[PDB]
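Proteins get letters first, then strands, A, B, ... in listed order; numbering begins at 1 in each. Hydrogens, waters and symmetry mates play no part in the numbers below; they use all other heavy atoms, side chains included.
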Protein chains: 2
Amino acid sequence: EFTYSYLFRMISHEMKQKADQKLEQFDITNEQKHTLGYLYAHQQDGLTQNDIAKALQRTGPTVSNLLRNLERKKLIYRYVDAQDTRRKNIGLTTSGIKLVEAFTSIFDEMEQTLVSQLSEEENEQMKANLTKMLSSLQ
Amino acid sequence: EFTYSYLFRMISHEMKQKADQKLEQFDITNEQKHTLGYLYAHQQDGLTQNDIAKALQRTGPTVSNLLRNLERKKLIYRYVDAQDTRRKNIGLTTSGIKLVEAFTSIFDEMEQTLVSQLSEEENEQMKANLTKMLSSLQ
């Protein structure tokens, strides 16, 4: 019916689509998730908009628009940099951190939804056989 | 045990690397391969650069450049459409036809090599399960 090439390509595509759908249930886009995640990981010393734009490889306007959107929801905050007052640093809020932590539910729920399609034995057989297939491609 | 997410992602990644490797003998990029195959399947319809860019979901300048590359190799040619001279249609030369058939054979062989990793019963179950999981993801 279908080739493996087709099945794996479509599964890759649909996994990405489903993760995006689940992320949009938090009213978050992929770009926004990456922004929040960047702050979560890298805010310890104080980040400016320019730092964020350079790290994400996006334009100033894109980053400015992203941050305004997130700030309306109180997911990010700003504070003046006392040794460079021409610059604001951008931080992730307590609620922004909780939301980023909640994103992990997406991968987990997706995996459990796949596992639930099969019996425990069928899952073990399928993973063993996928592992064979993977090994042959390496 | 690994997750399905991990296994599917890695299988797709390794498929991509192996397909890229096998493509090297043909001296074409993945975009060029897609273009040639699209022409093979649809040139009878009278295809322009714009039709190709839309099918590929790539930008105009990228597609124009790719077509010049294929044309220097004499894999494709163009002809003005007498019913609409604003349009140049694209066709495969005989070498373009032969090249598509050659790489199709190689990729068909790659698929059969993957099938050969599992027994008949294992393949039947694997295709059935992958089909169900693809369905679960909508």
Quick check against the 3.5 Å criterion: does [X] have a side-chain atom that pairs as donor or acceptor with the backbone of [Y]?
| X | Y | answer |
| --- | --- | --- |
| A/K18 | B/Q138 | no |
| A/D81 | A/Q83 | yes |
| B/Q112 | B/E109 | no |
| A/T85 | A/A82 | no |
| B/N65 | B/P61 | no |
| B/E71 | B/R68 | no |
| B/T35 | B/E31 | yes |
| B/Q43 | B/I90 | no |
| A/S64 | A/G60 | no |
| A/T93 | A/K74 | yes |

For this session: Inspect the surroundings of CD in B/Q44 and state if more than 12 heavy atoms from other residues, nucleotides or ligands are less than 6.0 Å away.
Result: yes

A side-chain contact here means heavy atoms from C-beta on lying under 4.5 Å apart; do [X] and [Y] qualify?
| X | Y | result |
| --- | --- | --- |
| A/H42 | A/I52 | no |
| B/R58 | B/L66 | no |
| B/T113 | A/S136 | no |
| B/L47 | B/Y38 | yes |
| A/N129 | A/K132 | yes |

Say whether [X] and [Y], considering side chains only, have a donor N or O and an acceptor N or O under 3.5 Å apart.
| X | Y | value |
| --- | --- | --- |
| B/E101 | B/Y40 | yes |
| A/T62 | A/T59 | yes |
| B/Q49 | B/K88 | no |
| B/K33 | B/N30 | no |
| A/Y4 | B/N123 | yes |

Gap separating the [atom1] atom of [X] from the [atom2] atom of [Y], nearest 0.5 angstrom:
| X | Y | atom1 | atom2 | result |
| --- | --- | --- | --- | --- |
| B/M15 | B/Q17 | CE | CD | 11.0 Å |
| A/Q117 | A/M126 | CD | CE | 10.0 Å |
| A/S12 | B/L134 | OG | CG | 11.0 Å |
| B/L75 | B/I28 | CG | CD1 | 8.0 Å |
| A/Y77 | A/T94 | OH | OG1 | 8.5 Å |
| A/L67 | A/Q32 | CG | CD | 10.0 Å |

For this session: Take A/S5 and B/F107 through the test side-chain contact (heavy atoms from CB on, under 4.5 Å) and record every step on the way to the result.
Result: CA-CA 9 Å; A/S5 179; B/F107 291 123; over 6 Å; no

Taking a hydrophobic cluster as the set of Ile, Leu, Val, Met, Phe, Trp and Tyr residues connected by side-chain heavy atoms closer than 4.5 Å, whether directly or through intermediates, do [X] and [Y] fall within one such cluster?
| X | Y | answer |
| --- | --- | --- |
| A/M10 | A/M110 | yes |
| A/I76 | A/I97 | yes |
| B/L70 | B/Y79 | no |

Exercise. Going through the checks in order, is the side-chain contact (heavy atoms from CB on, under 4.5 Å) test met by B/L7 and A/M133?
Worked result: CA-CA 10 Å; B/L7 287 167; A/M133 300 169 75; over 6 Å; no

Exercise. Under the side-chain contact (heavy atoms from CB on, under 4.5 Å) criterion, do A/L114 and B/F8 qualify, and how do the steps go?
Worked result: CA-CA 12 Å; A/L114 295 169; B/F8 292 154; 4.3 Å; yes

Expected list for residues 19-27 of chain B: side-chain donor-acceptor pairs under 3.5 angstrom, two or more places apart:
{"unit_1": "B/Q25", "atom_1": "NE2", "unit_2": "B/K22", "atom_2": "O", "d": "2.9"}
{"unit_1": "B/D27", "atom_1": "OD2", "unit_2": "B/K73", "atom_2": "NZ", "d": "2.8"}

Exercise. Should the pair A/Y6 and A/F2 be assigned to parallel (<30°), tilted (30 to 60°) or perpendicular (>60°) ring geometry?
Worked result: parallel

